[PDB]
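Asker: Provided herewith: input-v3.cif, mmCIF, C-alpha atoms.
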```cif
data_start
#
loop_
_atom_site.label_atom_id
_atom_site.label_comp_id
_atom_site.auth_asym_id
_atom_site.auth_seq_id
_atom_site.Cartn_x
_atom_site.Cartn_y
_atom_site.Cartn_z
CA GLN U 1 0.00 0.00 0.00
CA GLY U 2 3.02 2.28 0.33
CA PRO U 3 4.84 4.76 -1.89
CA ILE U 4 7.39 3.82 -4.54
CA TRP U 5 9.60 6.84 -5.25
CA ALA U 6 10.24 10.37 -4.05
CA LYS U 7 12.01 13.36 -5.57
CA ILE U 8 15.27 14.32 -3.89
CA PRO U 9 15.04 18.08 -3.20
CA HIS U 10 17.44 20.12 -5.29
CA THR U 11 20.01 21.32 -2.77
CA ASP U 12 23.72 21.77 -2.17
CA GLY U 13 23.91 18.67 -0.02
CA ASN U 14 22.01 15.66 1.23
CA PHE U 15 22.88 12.50 3.11
CA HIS U 16 21.57 9.04 2.23
CA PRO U 17 18.83 10.51 0.04
CA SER U 18 16.59 7.45 0.43
CA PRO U 19 13.19 8.89 1.44
CA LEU U 20 12.01 8.55 5.00
CA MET U 21 8.57 7.16 4.17
CA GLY U 22 10.22 4.38 2.17
CA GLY U 23 11.04 3.76 -1.46
CA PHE U 24 13.57 4.93 -4.01
CA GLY U 25 14.82 8.51 -3.88
CA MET U 26 15.59 10.08 -7.24
CA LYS U 27 16.77 13.46 -8.51
CA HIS U 28 14.86 12.93 -11.77
CA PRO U 29 11.86 10.84 -10.71
CA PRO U 30 9.05 9.94 -13.10
CA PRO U 31 7.67 13.25 -14.35
CA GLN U 32 4.31 14.66 -13.38
CA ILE U 33 1.50 14.20 -15.89
CA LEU U 34 -0.97 17.07 -15.97
CA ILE U 35 -4.40 16.98 -17.58
CA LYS U 36 -7.40 19.29 -17.86
CA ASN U 37 -10.53 19.74 -19.92
CA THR U 38 -10.19 22.53 -22.45
CA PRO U 39 -12.79 25.17 -21.54
CA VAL U 40 -15.64 25.49 -24.02
CA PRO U 41 -17.51 28.78 -23.53
CA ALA U 42 -21.25 29.23 -23.75
CA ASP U 43 -22.73 31.70 -26.18
CA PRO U 44 -21.02 35.09 -25.84
CA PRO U 45 -23.06 38.30 -26.06
CA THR U 46 -23.81 39.90 -29.43
CA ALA U 47 -21.99 43.16 -28.57
CA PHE U 48 -18.28 43.07 -27.78
CA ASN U 49 -17.21 43.01 -24.13
CA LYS U 50 -13.61 42.99 -22.96
CA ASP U 51 -14.12 40.89 -19.83
CA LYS U 52 -12.99 37.30 -19.76
CA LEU U 53 -15.70 34.73 -20.28
CA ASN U 54 -17.13 33.34 -17.05
CA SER U 55 -19.94 31.33 -18.70
CA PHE U 56 -18.94 27.83 -19.80
CA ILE U 57 -20.52 24.55 -20.85
CA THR U 58 -20.66 22.01 -18.04
CA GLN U 59 -18.39 19.22 -19.12
CA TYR U 60 -16.19 16.32 -18.06
CA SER U 61 -14.08 13.64 -19.68
CA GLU G 1 16.53 60.23 -62.05
CA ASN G 2 14.74 58.23 -59.38
CA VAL G 3 11.85 60.20 -57.88
CA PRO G 4 8.78 59.11 -55.92
CA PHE G 5 5.53 58.48 -57.79
CA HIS G 6 3.41 61.60 -57.57
CA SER G 7 0.29 60.65 -55.65
CA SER G 8 -2.92 61.02 -57.62
CA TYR G 9 -5.61 60.04 -55.17
CA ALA G 10 -7.58 61.61 -52.35
CA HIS G 11 -7.58 59.83 -49.00
CA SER G 12 -10.94 58.38 -48.03
CA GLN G 13 -10.05 58.56 -44.34
CA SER G 14 -9.06 61.48 -42.14
CA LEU G 15 -6.02 61.41 -39.84
CA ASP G 16 -8.21 61.75 -36.75
CA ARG G 17 -10.74 59.03 -37.69
CA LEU G 18 -8.36 56.05 -38.10
CA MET G 19 -9.90 54.26 -35.07
CA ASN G 20 -12.32 51.35 -34.87
CA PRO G 21 -15.64 53.06 -34.00
CA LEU G 22 -17.04 50.04 -32.15
CA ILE G 23 -14.35 49.49 -29.50
CA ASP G 24 -12.90 51.32 -26.51
CA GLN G 25 -9.27 52.17 -26.03
CA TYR G 26 -7.47 50.75 -23.02
CA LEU G 27 -6.19 54.28 -22.40
CA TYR G 28 -7.74 56.86 -20.08
CA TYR G 29 -8.00 60.62 -20.30
CA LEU G 30 -8.69 63.28 -17.68
CA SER G 31 -12.41 64.00 -17.83
CA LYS G 32 -13.04 66.29 -14.84
CA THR G 33 -10.90 68.63 -12.77
CA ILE G 34 -13.70 69.87 -10.47
CA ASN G 35 -16.70 68.40 -8.67
CA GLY G 36 -18.58 71.63 -9.39
CA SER G 37 -20.08 74.92 -8.15
CA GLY G 38 -16.84 76.44 -6.83
CA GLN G 39 -15.55 76.77 -3.28
CA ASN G 40 -12.65 74.28 -3.15
CA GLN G 41 -14.07 71.56 -5.36
CA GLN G 42 -11.05 69.94 -6.97
CA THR G 43 -10.66 66.41 -8.15
CA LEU G 44 -9.09 64.23 -10.79
CA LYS G 45 -11.55 62.03 -12.67
CA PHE G 46 -10.54 59.79 -15.53
CA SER G 47 -12.57 58.10 -18.24
CA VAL G 48 -11.98 55.56 -20.98
CA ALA G 49 -11.45 57.11 -24.38
CA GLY G 50 -13.96 55.46 -26.67
CA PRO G 51 -16.48 55.82 -29.48
CA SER G 52 -18.61 58.36 -27.62
CA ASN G 53 -15.70 60.83 -27.41
CA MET G 54 -13.33 60.54 -30.36
CA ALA G 55 -11.54 63.83 -29.82
CA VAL G 56 -9.66 62.79 -26.70
CA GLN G 57 -8.35 59.45 -27.90
CA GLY G 58 -4.65 58.80 -28.20
CA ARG G 59 -3.26 58.85 -31.71
CA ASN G 60 0.00 57.70 -33.24
CA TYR G 61 0.24 60.37 -35.95
CA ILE G 62 -0.53 64.07 -36.27
CA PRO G 63 -1.17 66.42 -39.20
CA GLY G 64 1.59 68.12 -41.12
CA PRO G 65 3.13 71.55 -40.72
CA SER G 66 1.39 74.88 -41.18
CA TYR G 67 2.28 78.50 -41.92
CA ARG G 68 -0.92 80.49 -41.73
CA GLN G 69 -2.36 82.41 -44.70
CA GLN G 70 -4.83 85.28 -44.52
CA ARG G 71 -8.32 84.23 -45.58
CA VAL G 72 -9.96 86.00 -48.53
CA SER G 73 -13.59 85.59 -49.57
CA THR G 74 -14.69 85.51 -53.20
CA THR G 75 -17.72 87.58 -52.15
CA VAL G 76 -16.38 91.14 -51.99
CA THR G 77 -18.86 92.48 -49.42
CA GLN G 78 -17.43 90.15 -46.78
CA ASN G 79 -13.86 91.40 -47.20
CA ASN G 80 -12.63 94.33 -45.11
CA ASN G 81 -12.72 97.80 -46.66
CA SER G 82 -8.95 98.35 -46.77
CA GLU G 83 -5.84 97.48 -48.77
CA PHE G 84 -4.49 94.24 -47.27
CA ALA G 85 -3.01 92.51 -50.31
CA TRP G 86 0.58 93.25 -49.34
CA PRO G 87 0.26 94.45 -45.71
CA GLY G 88 -1.72 91.46 -44.43
CA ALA G 89 0.11 88.77 -46.36
CA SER G 90 2.45 86.03 -45.14
CA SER G 91 6.08 86.53 -46.11
CA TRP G 92 9.63 85.40 -45.46
CA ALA G 93 12.59 87.75 -45.12
CA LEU G 94 15.98 87.04 -46.69
CA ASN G 95 18.97 89.38 -46.32
CA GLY G 96 16.55 92.17 -45.46
CA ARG G 97 14.24 91.62 -48.44
CA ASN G 98 10.72 90.29 -47.96
CA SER G 99 9.39 87.67 -50.36
CA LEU G 100 5.71 86.82 -50.39
CA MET G 101 5.09 83.22 -49.33
CA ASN G 102 3.80 81.70 -52.54
CA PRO G 103 2.28 79.21 -52.85
CA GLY G 104 3.81 78.09 -49.56
CA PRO G 105 3.71 74.81 -47.65
CA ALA G 106 0.98 72.50 -48.89
CA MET G 107 -2.19 73.01 -46.85
CA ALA G 108 -5.92 72.61 -47.28
CA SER G 109 -7.40 75.65 -49.00
CA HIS G 110 -10.52 75.76 -46.84
CA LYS G 111 -12.58 73.86 -44.31
CA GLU G 112 -15.25 71.42 -45.40
CA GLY G 113 -18.41 73.38 -46.12
CA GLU G 114 -16.80 76.75 -46.90
CA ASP G 115 -15.96 76.99 -50.60
CA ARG G 116 -16.06 80.79 -50.78
CA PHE G 117 -12.73 81.33 -48.99
CA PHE G 118 -9.23 80.97 -50.38
CA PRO G 119 -5.74 81.55 -48.93
CA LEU G 120 -4.29 84.90 -49.96
CA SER G 121 -1.05 83.42 -51.31
CA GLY G 122 -1.97 79.76 -50.78
CA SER G 123 -3.13 78.56 -54.20
CA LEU G 124 -1.86 78.64 -57.77
CA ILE G 125 -3.86 81.20 -59.73
CA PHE G 126 -3.89 80.70 -63.50
CA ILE G 127 -7.89 79.91 -58.55
CA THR G 128 -7.13 76.29 -57.70
CA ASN G 129 -8.11 74.72 -54.39
CA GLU G 130 -6.22 72.07 -52.43
CA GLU G 131 -9.22 70.84 -50.40
CA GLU G 132 -8.43 67.21 -51.32
CA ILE G 133 -5.61 67.13 -48.76
CA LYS G 134 -7.69 68.36 -45.82
CA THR G 135 -7.52 64.80 -44.47
CA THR G 136 -3.82 64.78 -43.51
CA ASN G 137 -3.07 68.50 -43.76
CA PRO G 138 -4.25 71.50 -41.74
CA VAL G 139 -6.32 74.24 -43.32
CA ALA G 140 -4.18 77.08 -44.64
CA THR G 141 -6.33 79.80 -43.06
CA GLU G 142 -6.56 78.20 -39.60
CA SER G 143 -4.28 77.83 -36.61
CA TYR G 144 -2.46 74.54 -36.24
CA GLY G 145 -3.83 74.11 -32.74
CA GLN G 146 -3.36 75.26 -29.16
CA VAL G 147 -0.58 75.00 -26.60
CA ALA G 148 -0.53 75.83 -22.91
CA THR G 149 1.12 79.15 -22.11
CA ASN G 150 1.51 78.82 -18.33
CA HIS G 151 1.65 76.64 -15.26
CA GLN G 152 -1.78 76.64 -13.72
CA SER G 153 -2.13 76.70 -9.97
CA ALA G 154 -4.68 77.39 -7.28
CA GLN G 155 -4.00 81.06 -8.03
CA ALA G 156 -3.63 80.97 -11.83
CA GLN G 157 -6.10 79.63 -14.38
CA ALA G 158 -4.94 77.54 -17.31
CA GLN G 159 -4.09 79.66 -20.35
CA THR G 160 -3.68 78.53 -23.94
CA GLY G 161 -2.35 80.18 -27.06
CA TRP G 162 -2.85 79.79 -30.78
CA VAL G 163 -0.15 78.13 -32.86
CA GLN G 164 0.01 80.18 -36.03
CA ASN G 165 2.97 78.37 -37.59
CA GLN G 166 4.23 74.88 -36.78
CA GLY G 167 7.39 73.24 -38.04
CA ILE G 168 8.02 69.54 -38.44
CA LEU G 169 7.43 67.29 -35.45
CA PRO G 170 8.18 63.57 -35.20
CA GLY G 171 5.11 61.61 -36.18
CA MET G 172 3.72 64.08 -38.71
CA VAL G 173 2.34 62.97 -42.05
CA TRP G 174 1.32 65.22 -44.92
CA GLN G 175 0.42 65.31 -48.60
CA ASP G 176 2.36 67.32 -51.15
CA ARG G 177 0.71 69.78 -53.51
CA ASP G 178 -1.28 68.51 -56.47
CA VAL G 179 -0.11 68.83 -60.07
CA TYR G 180 -2.28 70.43 -62.73
CA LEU G 181 -2.47 70.06 -66.50
CA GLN G 182 -1.29 73.65 -67.01
CA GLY G 183 1.13 73.39 -64.09
CA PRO G 184 4.85 72.74 -63.76
CA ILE G 185 6.38 69.28 -63.89
CA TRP G 186 9.86 69.30 -62.35
CA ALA G 187 12.16 71.65 -60.49
CA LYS G 188 15.86 71.64 -59.74
CA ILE G 189 16.76 71.10 -56.09
CA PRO G 190 19.18 73.87 -55.06
CA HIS G 191 22.71 72.69 -54.35
CA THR G 192 23.07 73.03 -50.59
CA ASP G 193 24.40 71.36 -47.47
CA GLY G 194 20.88 70.39 -46.45
CA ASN G 195 17.25 70.33 -47.46
CA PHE G 196 14.09 68.70 -46.20
CA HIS G 197 11.48 66.96 -48.35
CA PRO G 198 12.86 68.57 -51.51
CA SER G 199 9.59 68.22 -53.44
CA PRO G 200 8.95 71.69 -54.91
CA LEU G 201 6.22 73.84 -53.46
CA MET G 202 4.53 74.76 -56.75
CA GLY G 203 4.09 71.03 -57.39
CA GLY G 204 5.88 68.31 -59.28
CA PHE G 205 9.14 66.43 -59.04
CA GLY G 206 12.24 67.81 -57.35
CA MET G 207 15.55 66.66 -58.79
CA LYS G 208 19.21 67.30 -58.09
CA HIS G 209 19.62 67.23 -61.86
#
```
Could you rewrite the structure in this file as structure tokens?

Answerer:
Amino acid sequence: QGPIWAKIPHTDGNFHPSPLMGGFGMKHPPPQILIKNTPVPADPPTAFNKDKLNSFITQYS
Amino acid sequence: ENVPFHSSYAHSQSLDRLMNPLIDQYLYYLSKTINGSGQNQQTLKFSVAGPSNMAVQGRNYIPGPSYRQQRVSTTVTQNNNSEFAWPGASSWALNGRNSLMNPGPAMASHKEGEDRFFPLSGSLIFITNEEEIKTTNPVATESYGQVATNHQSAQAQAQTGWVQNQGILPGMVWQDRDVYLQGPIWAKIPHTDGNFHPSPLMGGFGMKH
């Protein structure tokens, strides 16, 4: 049930970098993988308005 | 020799209308200096320059230079009852001798809507009118604009003054004078250490040869 790896903080020095909760310490661990839904706006007004759009289509993937 | 193509068109846009009429600027101007009704009401209020007020918007370019001409009406009743042909004219002095300014820097002969007025020495008389260039050029019979003449203060009100002649500024654009069928074609550029925009003032193509 426990963790696998940790990232070794980027520092001048460290000793026995193996992480204290267990697992393999690494300076370049597996990268983070970031994901989001691209916002799809609702219908904008017919006259121009400079504000950012706060009205979006409810959505998930 | 190589010379720029004489322009033979009239601009369909004025220098002060180049904006998009539907959209605001992101720039502000100073709308109000007083709350009102006197007695120590002083403030600074700012507003967005936009379609409702197009005079106060910021602009990247300004109209060309001016040297004012006296305005003369084709209707004789309107003109003053005196001899002003030489006395009231615009001139330039050289070595103690006065030359009339003719035709002068290229300027619009008259405002839009007044066709009965012409610059005293402004146009080529074979009486031509330059009104086509009123888009980028000031009117010959008008001031260039206004400038402040003082530092205002709680004691002193703001004072302006009329700019009768204006030389070149950075960011000016202008049109040269138009060429006519009967008119001149080319001129020789004088041989000098310096010149600016050598195009001749009676119209046509300036050339060092």

Asker: Could you tell me how far atom CA of residue 67 of chain G lies from atom CA of residue 105 of chain G, in Å and to one decimal?

Answerer: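 Answer for the atom CA of residue 67 of chain G to atom CA of residue 105 of chain G separation: 7.0 Å.
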
Asker: Apply the PyMOL selection byres ((chain U and resi 22-26) around 10) to the file shown and report the selected residues as a ChimeraX atom specification.

Answerer: /U:2-9,16-21,27-30

Asker: Could you tell me which residues of chain U sit within 10 Å of chain G when counting only C-alpha atoms, and give me the result as a VMD selection string?

Answerer: chain U and resid 47 to 50

Asker: May I have the residues within 12 Å of residue 10 of chain G as a list in words, using all atoms listed in the file and disregarding those fewer than 2 positions away in the same chain?

Answerer: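 Contacts, in chain order: residues 7, 8, 12, 13, 14, 130, 131, 132, 133, 134, 135, 136, 137, 175, 176, 177 and 178 of chain G.
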
Asker: Could you work out how far atom CA of residue 110 of chain G lies from atom CA of residue 78 of chain G, giving the answer in Å with one decimal?

Answerer: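 Taking atom CA of residue 78 of chain G and atom CA of residue 110 of chain G, their separation equals 16.0 Å.
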
Asker: For the structure provided, state which residues fall under the PyMOL selection byres ((chain G and resi 71) around 9), and present them as a list in words.

Answerer: residues 69, 70, 72, 73, 110, 117, 118, 119, 120, 140, 141 and 142 of chain G

Asker: Excluding segment 57-61 of chain U and any residue of its chain fewer than 2 positions from it, enumerate the residues within 8 Å of it, using all atoms listed in the file, and give them as a list in words.

Answerer: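 Residues meeting the cut-off are residues 37, 39, 40, 41, 42 and 55 of chain U.
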
Asker: N, CA and C atoms are needed for segment 27-57 of chain U; please write them out as a CSV table (one decimal), in the frame of the given file.

Answerer:
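Result file out-v1.csv:
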```
chain,number,residue,atom,x,y,z
U,27,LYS,N,16.7,12.1,-8.1
U,27,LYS,CA,16.8,13.5,-8.5
U,27,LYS,C,15.9,13.8,-9.7
U,28,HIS,N,15.8,12.8,-10.6
U,28,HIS,CA,14.9,12.9,-11.8
U,28,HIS,C,13.9,11.8,-11.7
U,29,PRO,N,12.9,11.9,-10.8
U,29,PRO,CA,11.9,10.8,-10.7
U,29,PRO,C,11.0,10.8,-11.9
U,30,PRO,N,10.0,9.9,-12.0
U,30,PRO,CA,9.0,9.9,-13.1
U,30,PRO,C,8.3,11.3,-13.1
U,31,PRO,N,8.2,11.9,-14.3
U,31,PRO,CA,7.7,13.2,-14.4
U,31,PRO,C,6.2,13.3,-14.0
U,32,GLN,N,5.7,14.5,-13.6
U,32,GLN,CA,4.3,14.7,-13.4
U,32,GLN,C,3.6,14.7,-14.7
U,33,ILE,N,2.3,14.3,-14.7
U,33,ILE,CA,1.5,14.2,-15.9
U,33,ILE,C,0.2,15.0,-15.6
U,34,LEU,N,0.1,16.1,-16.3
U,34,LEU,CA,-1.0,17.1,-16.0
U,34,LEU,C,-2.0,17.0,-17.1
U,35,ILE,N,-3.3,17.1,-16.6
U,35,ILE,CA,-4.4,17.0,-17.6
U,35,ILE,C,-5.5,17.9,-17.2
U,36,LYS,N,-6.2,18.5,-18.1
U,36,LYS,CA,-7.4,19.3,-17.9
U,36,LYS,C,-8.3,19.2,-19.1
U,37,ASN,N,-9.6,19.6,-18.8
U,37,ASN,CA,-10.5,19.7,-19.9
U,37,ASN,C,-10.4,21.1,-20.5
U,38,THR,N,-10.3,21.2,-21.8
U,38,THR,CA,-10.2,22.5,-22.4
U,38,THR,C,-11.5,23.3,-22.3
U,39,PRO,N,-11.5,24.5,-21.8
U,39,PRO,CA,-12.8,25.2,-21.5
U,39,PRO,C,-13.5,25.5,-22.8
U,40,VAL,N,-14.8,25.2,-22.9
U,40,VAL,CA,-15.6,25.5,-24.0
U,40,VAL,C,-16.7,26.5,-23.6
U,41,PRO,N,-16.6,27.8,-24.0
U,41,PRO,CA,-17.5,28.8,-23.5
U,41,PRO,C,-18.9,28.6,-24.0
U,42,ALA,N,-19.9,29.1,-23.3
U,42,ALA,CA,-21.2,29.2,-23.8
U,42,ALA,C,-21.4,30.3,-24.8
U,43,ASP,N,-22.6,30.7,-25.2
U,43,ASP,CA,-22.7,31.7,-26.2
U,43,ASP,C,-22.3,33.1,-25.6
U,44,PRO,N,-21.4,33.7,-26.3
U,44,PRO,CA,-21.0,35.1,-25.8
U,44,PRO,C,-22.1,36.1,-26.2
U,45,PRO,N,-22.1,37.3,-25.6
U,45,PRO,CA,-23.1,38.3,-26.1
U,45,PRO,C,-22.8,38.7,-27.5
U,46,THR,N,-23.8,39.4,-28.1
U,46,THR,CA,-23.8,39.9,-29.4
U,46,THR,C,-23.0,41.2,-29.6
U,47,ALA,N,-22.8,42.0,-28.5
U,47,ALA,CA,-22.0,43.2,-28.6
U,47,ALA,C,-20.7,42.8,-27.8
U,48,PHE,N,-19.6,43.4,-28.3
U,48,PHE,CA,-18.3,43.1,-27.8
U,48,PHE,C,-18.2,43.5,-26.3
U,49,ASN,N,-17.5,42.7,-25.5
U,49,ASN,CA,-17.2,43.0,-24.1
U,49,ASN,C,-15.8,42.5,-23.8
U,50,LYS,N,-15.0,43.3,-23.1
U,50,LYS,CA,-13.6,43.0,-23.0
U,50,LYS,C,-13.3,42.0,-21.8
U,51,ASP,N,-14.3,41.8,-21.0
U,51,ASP,CA,-14.1,40.9,-19.8
U,51,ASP,C,-13.8,39.5,-20.3
U,52,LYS,N,-13.2,38.7,-19.4
U,52,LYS,CA,-13.0,37.3,-19.8
U,52,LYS,C,-14.3,36.6,-19.6
U,53,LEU,N,-14.4,35.5,-20.3
U,53,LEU,CA,-15.7,34.7,-20.3
U,53,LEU,C,-15.8,33.9,-19.0
U,54,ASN,N,-16.8,34.1,-18.2
U,54,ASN,CA,-17.1,33.3,-17.0
U,54,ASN,C,-18.2,32.3,-17.3
U,55,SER,N,-18.8,32.2,-18.4
U,55,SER,CA,-19.9,31.3,-18.7
U,55,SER,C,-19.5,30.2,-19.6
U,56,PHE,N,-19.5,29.0,-19.1
U,56,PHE,CA,-18.9,27.8,-19.8
U,56,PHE,C,-19.9,26.7,-19.8
U,57,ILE,N,-19.7,25.8,-20.7
U,57,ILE,CA,-20.5,24.6,-20.8
U,57,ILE,C,-20.1,23.5,-19.8
```
